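Peer 1: pasting an experimental structure with its sequence.
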Amino acid sequence: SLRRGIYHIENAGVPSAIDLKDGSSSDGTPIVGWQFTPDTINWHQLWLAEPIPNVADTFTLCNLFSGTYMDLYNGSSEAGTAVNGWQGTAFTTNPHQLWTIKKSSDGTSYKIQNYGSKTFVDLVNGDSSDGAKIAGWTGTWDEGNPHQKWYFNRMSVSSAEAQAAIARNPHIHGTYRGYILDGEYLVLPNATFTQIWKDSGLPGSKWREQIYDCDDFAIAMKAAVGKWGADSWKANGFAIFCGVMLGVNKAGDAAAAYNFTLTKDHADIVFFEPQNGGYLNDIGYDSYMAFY
Amino acid sequence: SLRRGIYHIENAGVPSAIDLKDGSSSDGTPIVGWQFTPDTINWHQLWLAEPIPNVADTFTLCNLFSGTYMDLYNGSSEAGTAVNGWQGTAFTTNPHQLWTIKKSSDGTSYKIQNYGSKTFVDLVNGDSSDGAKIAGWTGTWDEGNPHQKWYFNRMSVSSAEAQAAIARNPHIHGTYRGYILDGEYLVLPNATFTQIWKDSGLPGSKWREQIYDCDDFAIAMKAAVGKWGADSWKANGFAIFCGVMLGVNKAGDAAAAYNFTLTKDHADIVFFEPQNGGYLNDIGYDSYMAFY
Amino acid sequence: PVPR
Amino acid sequence: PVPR
Ligand SMILES: C[C@@H]1O[C@@H](O[C@@H]2[C@@H](O[C@H]3O[C@H](CO)[C@H](O)[C@H](O)[C@H]3O)[C@@H](O)[C@@H](CO)O[C@@H]2O)[C@@H](O)[C@H](O)[C@@H]1O
Ligand SMILES: C[C@@H]1O[C@@H](O[C@@H]2[C@@H](O[C@H]3O[C@H](CO)[C@H](O)[C@H](O)[C@H]3O)[C@@H](O)[C@@H](CO)O[C@@H]2O)[C@@H](O)[C@H](O)[C@@H]1O
Ligand SMILES: C[C@@H]1O[C@@H](O[C@@H]2[C@@H](O[C@H]3O[C@H](CO)[C@H](O)[C@H](O)[C@H]3O)[C@@H](O)[C@@H](CO)O[C@H]2O)[C@@H](O)[C@H](O)[C@@H]1O
Ligand SMILES: C[C@@H]1O[C@@H](O[C@@H]2[C@@H](O[C@H]3O[C@H](CO)[C@H](O)[C@H](O)[C@H]3O)[C@@H](O)[C@@H](CO)O[C@H]2O)[C@@H](O)[C@H](O)[C@@H]1O
Ligand SMILES: OC[C@H]1O[C@H](O[C@@H]2[C@@H](O)[C@@H](O)O[C@H](CO)[C@@H]2O)[C@H](O)[C@@H](O)[C@H]1O
Ligand SMILES: OC[C@H]1O[C@H](O[C@@H]2[C@@H](O)[C@@H](O)O[C@H](CO)[C@@H]2O)[C@H](O)[C@@H](O)[C@H]1O
Ligand SMILES: [Ca+2]
Ligand SMILES: [Ca+2]
Ligand SMILES: [Ca+2]
Ligand SMILES: [Ca+2]
Ligand SMILES: [Cl-]
Ligand SMILES: [Cl-]
Ligand code: NA
Ligand code: NA
Ligand code: NA
Ligand code: NA
């Protein structure tokens, strides 16, 4: 089954992602195919998939930027029916906004069926153009037609996935304790993490004994990413991935605070030194505490 | 012995505190007697006492606001010698900036002797006027003269004192773990804590599931107090007291994040709800984790 | 639980 | 120790 999470949804036939045109929150804003840049935040192209309780493999798809939902215009089963952003809620019973998402015959891509109409999300004519129509179209679950096949590129981790990434790290102290704060996290490219740091004012902060030392830099970076999350996205039900760790050196006679993020593959953590903005696989400390 | 810490130093004879005039960092800025408001931050009247290793009961006194040190002008033993703020360092060997501080004959107030001159800090003529001269003056350790007697009103806690205040609280979960980040903390009046909250932008922040929920408010309040500390004070070697706690309700089925501060007497904690700015003796959660 |  |  598709898991709850944030997805970048990429056509199987051509390199176009499902894009809410101009990120607009207006009802009836067209959802279109659009090119994308890997290892960036594709601002109009991220979708929060919320499973519907007691409806198998069925989800709402909320655009992270607009907070509006993928909507099949008037629930029509006609081929060519507009797919648009529309106001809604994460657990609506409105079938226009409910989507059954299951693996295609290829077994890696998915098809996206409207729960009401039983028609499929279709990049019309397989057009790779920026702004190409996406429509509800006649189809079947088993056919090869790449107009209706979609790679769900997972951009979020669950708290359980973050927990696993930390646990396989070789710089974790024996006494380590982790404190989880949220459920589902958008993983930032290091380019975006770095931009939040650059914009935070930390690069221009002086290290000062106790009054503005490593713990202040690390907590300030975590607050800066929290603020960025709320300010950047209108959807609810997810957090931005940014951890704080406390660590102790090998000699057990010095401690430090720092941040951490996750690799592109979501399998490992990477340490972030918030005084200088460096990324490190080894920061010179074993983590005894983390909150994220 | 006087312990390392931040003090408000109040004359025993008249309600004048030791004040660095206008908070000025200029060398030779006069230190004067000045009236004060209890349960406020008295901005020019806070002194960081740093013990000198291997010199008994001897300290530098750094003004928290200016970062400059109490200095006996040219180390003169003449009665009437100016006491001024002067550039220095926490562990100087300059005797002009070294002060032996021991209990007076009354046993609650202290006298302040210059280590070089062996003369005493003296509110000249016991004058209660705002801007009254403070001078080095002839004296003895045992005499009653209130011109030379000073109450050291302790405005900071050690991490060990904070740890004790948390431990005597009745809302601590059995699984509680605390993570200490600094050594010595300025305790804020609730009026100042509240002002930092009002100025943080949190009062005008909306609660949003995961993306800006209780953990975001609590970490944002802690960052706001950290920033305020560094921006407000030029001295180093202390932190501002502002904790974050995670707690679980009695039923064990809901958790929350919040802040905490300390009572005026430094003996107990008080919970701070960063969404609404309320102070509470019972926030409805037992703390399982704290960092401060 | 997880702080909400 | 204490994070410095
Ligand atoms: C190239 C083309 O691919 C297929 O046609 C698609 C359409 O396929 C879908 O709709 C048709 C009816 O119009 C039929 O129901 C098919 O099972 C279904 O997948 C559709 O994707 C549109 C819009 O993008 O484009 C093409 O017309 C295939 O059926 C055709 O024979 C032809 O090979
Ligand atoms: C009221 C007054 O109090 C005392 O005199 C103080 C001064 O006391 C200090 O200096 C004198 C010498 O001038 C002497 O060494 C004394 O032991 C010492 O405490 C001093 O505090 C000044 C400046 O504020 O004010 C008064 O002159 C006492 O000796 C006097 O007899 C008289 O009672
Ligand atoms: C917010 C905005 O994002 C970018 O423009 C979006 C655009 O972004 C996609 O397409 C561009 C090329 O047009 C790149 O491939 C990006 O990597 C994609 O993410 C689309 O989403 C369209 C239609 O919705 O809206 C534009 O605003 C970027 O080019 C802008 O500078 C700006 O950062
Ligand atoms: C920063 C400044 O603080 C206050 O003025 C200080 C003054 O503060 C003391 O005296 C005033 C009365 O003059 C009150 O009793 C305060 O409670 C004291 O803290 C002195 O420190 C003088 C001389 O150094 O400097 C003034 O700036 C306040 O009155 C100002 O509004 C302002 O907040
Ligand atoms: O128009 C406001 C509503 O938007 C969504 O429902 C509508 C639906 O009632 C119908 O008009 O068709 C449109 C276009 O397909 C939408 O799906 C919300 O689900 C409603 O609660 C309401 O806000
Ligand atoms: O003047 C700069 C210096 O300030 C302090 O020492 C002086 C001392 O050398 C003498 O000039 O007397 C004055 C007034 O009493 C000061 O105590 C610092 O301790 C020096 O390191 C230097 O910065
Ligand atoms: Ca949370
Ligand atoms: Ca600190
Ligand atoms: Ca520290
Ligand atoms: Ca959160
Ligand atoms: Cl087929
Ligand atoms: Cl006497
Ligand atoms: Na439209
Ligand atoms: Na379901
Ligand atoms: Na002077
Ligand atoms: Na000493």
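Peer 2: Great, that's in hand. Numbering: from 1, shown residues only, chains lettered A, B, ... in the order given. Ligands and ions are numbered 1, 2, ... in the order given.

Peer 1: would you mind naming what in the stretch 51-200 of chain A lies close to ligand 7?
Peer 2: Contact residues (Cβ under 5 Å from the ion) of the stretch 51-200 of chain A with ligand 7: A:181-182. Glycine gets a C-beta too; all of them are placed from N, C-alpha and C.

Peer 1: show me where the stretch 51-200 of chain A has helices.
Peer 2: Counting by DSSP state H, counting those that start in this stretch, the stretch 51-200 of chain A has helices at residues A:159-167, A:190-200.

Peer 1: what lies in contact with the longest one?
Peer 2: Think helix A:190-200. A:39-41, A:188, A:203, A:220-221, A:224-225, A:228, A:242, A:261, A:270, A:272, A:274, A:277, A:279 (Cβ atoms under 8 Å, 6 or more residues apart in numbering or on different chains).

Peer 1: what's the ChimeraX syntax to select whichever of the residues you listed are buried?
Peer 2: Listed next is the ChimeraX selection for buried residues among the contacts of helix A:190-200, using 16 or more other Cβ atoms under 10 Å in any protein chain shown:
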select /A:41,188,220,221,224,225,228,242,261,270,272,274
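
Peer 1: which ones among the contacts of helix A:190-200 map onto helices?
Peer 2: A:220-221, A:224-225, A:228 (DSSP state H).

Peer 1: what subset of those is also close to ligand 2?
Peer 2: When contact is defined as Cβ under 6 Å from any ligand atom, the ones in helices among the contacts of helix A:190-200 do not meet ligand 2 at all.

Peer 1: from the residues you listed, which is closest to residue B:33?
Peer 2: residue A:220 (38.4 Å; Cβ to Cβ).

Peer 1: verify the stated contact: residue A:289 with residue A:243.
Peer 2: No - contact criterion Cβ atoms under 8 Å: residue A:289 and residue A:243 do not qualify, at 10.4 Å.

Peer 1: between these two, who's got more neighbours?
Peer 2: Ranked by neighbour count (other Cβ atoms under 10 Å in any protein chain shown), residue A:289 and residue A:243 place residue A:243 first, with 26 against 22.

Peer 1: bridged to the more buried one, which residues?
Peer 2: Beta bridges link residue A:243 to residue A:260 when assigned by DSSP bridges.

Peer 1: how near is it to residue A:257?
Peer 2: 11 Å (Cβ to Cβ, to the nearest Å).

Peer 1: then residue A:203?
Peer 2: With distances taken as Cβ to Cβ, residue A:203 is found 17 Å from residue A:257.

Peer 1: near ligand 10, which residues of chain A?
Peer 2: Going by Cβ under 5 Å from the ion, the residues of chain A near ligand 10 are A:182, A:239.

Peer 1: which parts of the stretch 1-150 of chain A sit against ligand 2?
Peer 2: Within reach of ligand 2 by Cβ under 6 Å from any ligand atom, the stretch 1-150 of chain A has no residues at all.

Peer 1: closest residue of the stretch 1-150 of chain A to ligand 7?
Peer 2: Here the stretch 1-150 of chain A gets closest to ligand 7 at one residue, residue A:4, 15.3 Å apart by Cβ to the ion.

Peer 1: for that residue, phi and psi?
Peer 2: phi -40, psi 140 (degrees, to the nearest 10).

Peer 1: enumerate every residue touching it.
Peer 2: A:49-51, A:158, A:184.

Peer 1: mind listing what residue A:102 touches?
Peer 2: Listed by Cβ under 8 Å, 6+ apart, the contact set of residue A:102 reads A:1-2, A:57, A:110-111, A:113, A:141.

Peer 1: can you flag the buried ones in those residues?
Peer 2: A:2, A:57, A:110-111, A:113.

Peer 1: count the residues that sit near the closest residue to ligand 14 within chain A.
Peer 2: Closest to ligand 14 within chain A is residue A:51: 4.2 Å, counting by Cβ to the ion. Neighbours of residue A:51 under the rule other Cβ under 10 Å: 18.

Peer 1: same check, this time on residue A:20
Peer 2: Around residue A:20 there are 26 residues (other Cβ under 10 Å).

Peer 1: what do you get for residue A:165?
Peer 2: With other Cβ under 10 Å as criterion, residue A:165 counts 21.

Peer 1: ok, residue A:27 touching residue A:86?
Peer 2: Yes - proximity of residue A:27 to residue A:86 meets the contact threshold set by Cβ under 8 Å, at 5.1 Å.

Peer 1: overlap in contacts of those two?
Peer 2: In contact with both residue A:27 and residue A:86: residue A:68, using Cβ under 8 Å, 6+ apart.

Peer 1: neighbour count winner among those two?
Peer 2: Using other Cβ under 10 Å as the criterion, residue A:27 and residue A:86 rank with residue A:86 on top: 21 against 12.

Peer 1: how far off centre is stretch A:211-219?
Peer 2: 28 Å (Cα atoms, centre = their mean, to the nearest Å).
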